[PDB]
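Colleague: I have a structure I would like to understand better, so I am pasting it below and will then ask my questions one at a time.
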Protein chains: 2
Amino acid sequence: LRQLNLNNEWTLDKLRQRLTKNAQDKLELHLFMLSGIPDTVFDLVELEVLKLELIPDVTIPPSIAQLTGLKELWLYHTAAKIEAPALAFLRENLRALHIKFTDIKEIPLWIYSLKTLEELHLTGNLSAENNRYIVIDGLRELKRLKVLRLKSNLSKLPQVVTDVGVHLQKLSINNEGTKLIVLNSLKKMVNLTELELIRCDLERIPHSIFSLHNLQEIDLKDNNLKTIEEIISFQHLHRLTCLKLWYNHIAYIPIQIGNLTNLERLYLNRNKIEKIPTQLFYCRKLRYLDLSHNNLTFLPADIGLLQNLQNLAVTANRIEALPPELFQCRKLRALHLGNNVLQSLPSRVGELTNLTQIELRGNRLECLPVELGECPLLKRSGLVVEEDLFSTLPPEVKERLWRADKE
Amino acid sequence: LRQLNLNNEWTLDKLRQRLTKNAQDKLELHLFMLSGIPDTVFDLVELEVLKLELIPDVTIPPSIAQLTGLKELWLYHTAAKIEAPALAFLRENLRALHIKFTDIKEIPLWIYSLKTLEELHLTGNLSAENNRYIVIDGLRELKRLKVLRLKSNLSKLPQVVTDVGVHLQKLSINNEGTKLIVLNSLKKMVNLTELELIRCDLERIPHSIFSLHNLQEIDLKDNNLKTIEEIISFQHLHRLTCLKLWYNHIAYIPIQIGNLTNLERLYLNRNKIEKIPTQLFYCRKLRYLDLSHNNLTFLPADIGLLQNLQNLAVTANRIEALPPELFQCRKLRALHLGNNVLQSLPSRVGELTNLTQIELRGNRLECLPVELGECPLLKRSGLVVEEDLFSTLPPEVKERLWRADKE
């Protein structure tokens, strides 16, 4: 009766109100704390992302076949039991699938029978007792799976994952405070294009990566390296396009990474950098950099060799002026100089019209120039300049900046 | 009472607004999980695609004669019982019967009296115990079966299909990861115009494809292939005009790919290709060169030889620069060039008058050339480029471009 009441209670009109848009401009429905699943939810064909969160006693009716745009279904803490015609429909229609659970209790069985899906995101503790990678032994039949994010506090790499990966393309590893035992088993699996390692507390980058020549995006965030004698061994790999080593504790970055001109992204913010020598910056074509919250006394000169920048950061450190070497660069769009001690502002940095988003709030500048008055490109919603001296700025400068907040 | 209630819930005026249009611009009526098939549906006189999906145990009444435009009878999972005058109506009238199914009772036992059938796709697994293809042993009775699309997961090509093959022309065998062991059974089949071994896990192209002399449209999608060395034997086929090679694992191409001058729509996309030979441009009839999402480091210049080329799509490659003689082609209709690592577009793109959609979202374009506004047929909607990169155009030039957009 409650399920029948839910259908009449949730009208299509009320549901259309609940539809929002996600990052991909796709229509998402957030079903939050519903005792059942309304058939009116499957009535509305405009849905794309079906977020059903902590919904118990789920029996997904095949009226979902009438829903047209469904490529995402977000199963959070749900014991799902789908019907066979719905199985047939989602085998040809669904394209991504996120699953959150508490061990075997909320892991569903119909997920394996769907063999055409691309994205299979698994959330919840899979490191359960007495079930050491034996539940996921039924993943072998999946040959179309290319994106597989594994965030389940895994202890070891499953051998079944090694068997299945032959047709994989994207893989992400999140351990949230657990030392993974990789044991160099990645030599088998060659097709992999994107690999990520977040907060593994390793300090020792494995060797099986170098046998793979297809990795373009490598994310090693919060790995806390201190002496990277690995970027002399990363010279073996000639596919990595953007290294992501941010929120580490790098004491000094070893110079050899200067030889990879294909590097385009230097994420190194919130670090313990004391001095970083020059030859790091022999690569010219780096766009995004982040160096916030450091102890650097001067930004090294051969960053001046970098001519293809888009973002930097001098946040919360002991740098008082922008060197002429940084003025040899011509592509400073974004920066992060807020809550800092920058004193002198020359005309070279100020004439950079394409300044996209520079943090400057809390900076210890002396006075702000009248060069923030006229042009319709560099303005407040772009550049958040220090508001203590924005008051002493002329009202026409404030006109440009408030124009940013309007235009 | 059931039919009266059914008609009351879904009256002719109710389904009049429900009248929708399909891809073929024929009127369609998606009847889904409805208790019976209504007579108010039949009161229409121009429905061409009767979409009968999951309607359990219903007798089609004589009122179906009102559907004068009914060419395609889409029977999906529907237990359909029908009377003798309408069986005769089927043997003399119906030209297309598009069947999705799961059971040999869902497929009806009165379509083998049907004779005027000219189009049909079967969708649904057919591998069953003691009841294989005795269902469609009336294919021999079906003397006009030219279109036979099979998303039916057949483990082997039926021999009754071969005996039909005197008039069979299109065989889209989407086996969903099952190999079609042709075993030169298509050697007997000397009259085909098309063959599509889609997702059939070949890894080796059979000789039954080459042995013919009437094939025109060959589509080998997702076969995990490595080498295409066998096209020297393709010179026997004098009518091949298209090879859509979608989603394969090809490491490299040989040079003899240039031999097939008869090729028009040569697809080589979603591959691991690192080198395209100059010999490849020996072909002169190439019309649809879709090289989307590839590993091509640069567009070769000799591609200017293709004077019939209309839709050249090279999105998401690693293409650095565009050579000049690339722009010798003027018949280009859809240049999808996005997600590249291109630094700039040469001014010869302003020479393009047929420029309708050029995808520049990405690349490294400092400023758009003004000549992009010169293209008359190009409107602002067709100019797929980032707004920040787009905004460099002059004010009255933007006024003319917006005038073209609103016209």
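Simple scheme: letters A, B, ... for chains in structure tokens order, numbers from 1 for residues in each chain, numbers from 1 for ligands in the order shown.
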Show me, as a PyMOL selection string, the residues of chain A whose atoms get within 12 Å of chain B, using only C-alpha atoms for the distance check.
Modeller: chain A and resi 43+61-67+84-86+88-89+91-92+114-116+141-144+166-167+169+190-193+213-214+216+239+241+262+264+285+287+308+310+331+354+356+377
Colleague: Write out, as a PDB file, in the first residue's frame, the residues just selected, with C-alpha atoms.
Modeller:
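Below is the file that was written, result18.pdb:
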```
ATOM      1  CA  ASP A  43       7.610   7.778 -15.858  1.00  0.00           C
ATOM      2  CA  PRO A  61      10.436  -2.200 -12.064  1.00  0.00           C
ATOM      3  CA  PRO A  62      10.991  -2.486 -15.827  1.00  0.00           C
ATOM      4  CA  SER A  63       8.862   0.651 -16.361  1.00  0.00           C
ATOM      5  CA  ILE A  64      12.367   2.166 -16.326  1.00  0.00           C
ATOM      6  CA  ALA A  65      12.525   0.955 -19.945  1.00  0.00           C
ATOM      7  CA  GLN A  66      10.135   3.785 -20.806  1.00  0.00           C
ATOM      8  CA  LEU A  67      12.697   6.218 -19.369  1.00  0.00           C
ATOM      9  CA  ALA A  84      14.493  -9.702 -16.320  1.00  0.00           C
ATOM     10  CA  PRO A  85      12.885  -7.410 -18.962  1.00  0.00           C
ATOM     11  CA  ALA A  86      14.517  -4.533 -17.092  1.00  0.00           C
ATOM     12  CA  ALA A  88      17.329  -6.709 -21.012  1.00  0.00           C
ATOM     13  CA  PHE A  89      16.639  -2.977 -21.251  1.00  0.00           C
ATOM     14  CA  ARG A  91      21.892  -4.254 -21.000  1.00  0.00           C
ATOM     15  CA  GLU A  92      21.393  -1.962 -24.031  1.00  0.00           C
ATOM     16  CA  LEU A 114      24.850  -6.306 -17.441  1.00  0.00           C
ATOM     17  CA  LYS A 115      27.840  -6.695 -19.771  1.00  0.00           C
ATOM     18  CA  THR A 116      27.757  -3.532 -21.919  1.00  0.00           C
ATOM     19  CA  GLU A 141      32.434 -12.410 -17.953  1.00  0.00           C
ATOM     20  CA  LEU A 142      32.600  -8.601 -18.345  1.00  0.00           C
ATOM     21  CA  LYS A 143      34.520  -7.792 -21.524  1.00  0.00           C
ATOM     22  CA  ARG A 144      33.185  -4.270 -22.177  1.00  0.00           C
ATOM     23  CA  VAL A 166      42.681  -6.863 -20.431  1.00  0.00           C
ATOM     24  CA  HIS A 167      39.811  -4.738 -21.798  1.00  0.00           C
ATOM     25  CA  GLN A 169      41.011   1.736 -20.148  1.00  0.00           C
ATOM     26  CA  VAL A 190      49.080  -3.177 -21.191  1.00  0.00           C
ATOM     27  CA  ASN A 191      46.025  -1.335 -22.526  1.00  0.00           C
ATOM     28  CA  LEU A 192      45.735   1.043 -19.570  1.00  0.00           C
ATOM     29  CA  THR A 193      45.542   4.750 -20.386  1.00  0.00           C
ATOM     30  CA  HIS A 213      53.696   2.659 -22.452  1.00  0.00           C
ATOM     31  CA  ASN A 214      50.125   4.010 -22.578  1.00  0.00           C
ATOM     32  CA  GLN A 216      48.895   9.690 -20.135  1.00  0.00           C
ATOM     33  CA  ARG A 239      53.525   8.802 -22.529  1.00  0.00           C
ATOM     34  CA  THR A 241      51.420  14.140 -20.152  1.00  0.00           C
ATOM     35  CA  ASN A 262      55.488  16.863 -22.822  1.00  0.00           C
ATOM     36  CA  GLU A 264      52.032  20.344 -19.064  1.00  0.00           C
ATOM     37  CA  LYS A 285      55.176  24.016 -22.044  1.00  0.00           C
ATOM     38  CA  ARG A 287      50.160  25.332 -18.209  1.00  0.00           C
ATOM     39  CA  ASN A 308      53.243  28.490 -21.711  1.00  0.00           C
ATOM     40  CA  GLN A 310      48.270  29.372 -17.063  1.00  0.00           C
ATOM     41  CA  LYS A 331      51.438  33.689 -20.069  1.00  0.00           C
ATOM     42  CA  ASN A 354      44.423  37.786 -19.587  1.00  0.00           C
ATOM     43  CA  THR A 356      42.167  34.813 -15.162  1.00  0.00           C
ATOM     44  CA  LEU A 377      38.814  41.972 -19.360  1.00  0.00           C
TER      45      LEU A 377
END
```
Colleague: Could you please write out, as JSON, numbers by chain, every residue of range 31-213 of chain A that DSSP assigns to strand (DSSP E)?
Modeller: {"A": [31, 32, 49, 50, 51, 52, 53, 72, 73, 74, 75, 76, 96, 97, 98, 99, 100, 119, 120, 121, 122, 123, 147, 148, 149, 150, 151, 170, 171, 172, 173, 174, 194, 195, 196, 197, 198]}
Colleague: Do a neighbour search on residue 299 in chain B at 10 Å with only C-alpha atoms, toss out local chain neighbours closer than 3 positions, and write the hits as a PyMOL selection string.
Modeller: chain B and resi 276+296+302-303+314+317-323+326
Colleague: What's the 8 Å shell around residue 243 in chain B, counting only C-alpha atoms, without same-chain residues fewer than 5 positions away, as a VMD selection string?
Modeller: chain B and resid 217 to 220 263 265 to 267
Colleague: Could you give the C-alpha RMSD in Å for chain B superposed on chain A, pairing all atoms in order?
Modeller: 1.9 Å
Colleague: One number please: CA of residue 294 in chain B to CA of residue 363 in chain B, in Å, one decimal.
Modeller: 15.0 Å
Colleague: Please identify all polymer residues within 10 Å of range 365-369 of chain B, counting only C-alpha atoms, omitting same-chain residues fewer than 2 positions from it, and present them as a ChimeraX atom specification.
Modeller: /B:341-347,349-350,360-363,371-374,385-386,388-393
Colleague: Could you please write out, as a PyMOL selection string, every residue of range 119-333 of chain A that DSSP assigns to alpha helix (DSSP H)?
Modeller: chain A and resi 159-164+324-328
Colleague: Could you write out the selected residues, including C-alpha atoms, as a PDB file, in the first residue's frame?
Modeller:
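Output (result09.pdb):
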```pdb
ATOM      1  CA  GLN A 159      43.943 -11.561  -9.362  1.00  0.00           C
ATOM      2  CA  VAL A 160      40.445 -11.530 -10.863  1.00  0.00           C
ATOM      3  CA  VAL A 161      40.973  -7.814 -11.536  1.00  0.00           C
ATOM      4  CA  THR A 162      44.185  -8.741 -13.370  1.00  0.00           C
ATOM      5  CA  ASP A 163      42.207 -11.256 -15.440  1.00  0.00           C
ATOM      6  CA  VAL A 164      39.440  -8.749 -16.227  1.00  0.00           C
ATOM      7  CA  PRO A 324      62.031  39.823 -13.601  1.00  0.00           C
ATOM      8  CA  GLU A 325      62.542  36.137 -14.445  1.00  0.00           C
ATOM      9  CA  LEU A 326      58.812  35.607 -13.909  1.00  0.00           C
ATOM     10  CA  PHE A 327      58.414  38.656 -16.154  1.00  0.00           C
ATOM     11  CA  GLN A 328      60.277  36.822 -18.912  1.00  0.00           C
TER      12      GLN A 328
END
```
Colleague: As an exercise, work out the distance from CA of residue 42 in chain A to CA of residue 58 in chain B in Å and give it to one decimal place.
Modeller: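 Computing the Euclidean distance for CA of residue 42 in chain A and CA of residue 58 in chain B yields 25.0 Å.
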Colleague: From the list B:312, B:283, B:291, B:305, which residue is nearest residue 329 in chain B when using only C-alpha atoms?
Modeller: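 Ranked by minimum distance to residue 329 in chain B, first place goes to B:305.
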